[PDB]
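*Asks:* Before I ask anything, here's the sequence and the deposited coordinates:
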Number of protein chains: 2
Amino acid sequence: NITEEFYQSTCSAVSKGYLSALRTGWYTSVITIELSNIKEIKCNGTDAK
Amino acid sequence: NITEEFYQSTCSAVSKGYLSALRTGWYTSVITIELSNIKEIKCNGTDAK
């Protein structure tokens, strides 16, 4: 539960009750897409498809 | 109603009760189909349609 205190003496306020999730390091992954080697595209077809 | 008489004396039989529909003349009608004049068909398209 979130709670909060205001300090009139110093014009400040603290909100408590939060839980941490701090990024501390990094994980590295390699994502691949397999590609086709395509040179010339051989067709004299004027077919719309 | 169809009726029939057999004559034993002459080995023959007559079936009566029929009504005529005799073709006696001819009616002539002209049936037409309107055609399109098509010479060359202009296309280099190898499209399947």
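*Replies:* Here it is on my side, so go on. Numbering: from 1, shown residues only, chains lettered A, B, ... in the order given.

*Asks:* Please enumerate the strands of chain A.
*Replies:* Using DSSP state E, the strands of chain A run over A:3-7, A:12-16.

*Asks:* Which residue does chain A have closest to chain B?
*Replies:* residue A:47 (4.5 Å; CB to the nearest CB). No exception for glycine: its C-beta is placed from N, CA and C like everyone else's.

*Asks:* Tabulate the strands of chain A (TSV), appending mean neighbour count.
*Replies:* Listed next are these as TSV, based on neighbours: other CB atoms under 10 Å in any protein chain shown:
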stretch	mean neighbour count
strand A:3-7	9
strand A:12-16	9
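
*Asks:* Turn those strands into TSV, columns for distance to chain B.
*Replies:* What follows is the strands of chain A, written out as TSV (distance: least, CB to the nearest CB, whole Å):
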stretch	distance to chain B
strand A:3-7	72
strand A:12-16	69
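
*Asks:* Kindly present these as TSV, with separate columns for distance to residue B:14.
*Replies:* Supplementary listing: the strands of chain A in TSV, determined by distance: least, CB to CB, whole Å:
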stretch	distance to residue B:14
strand A:3-7	122
strand A:12-16	122
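
*Asks:* residues in chain A within reach of chain B, list them.
*Replies:* A:44-49 (CB under 8 Å from any CB of the partner chain).
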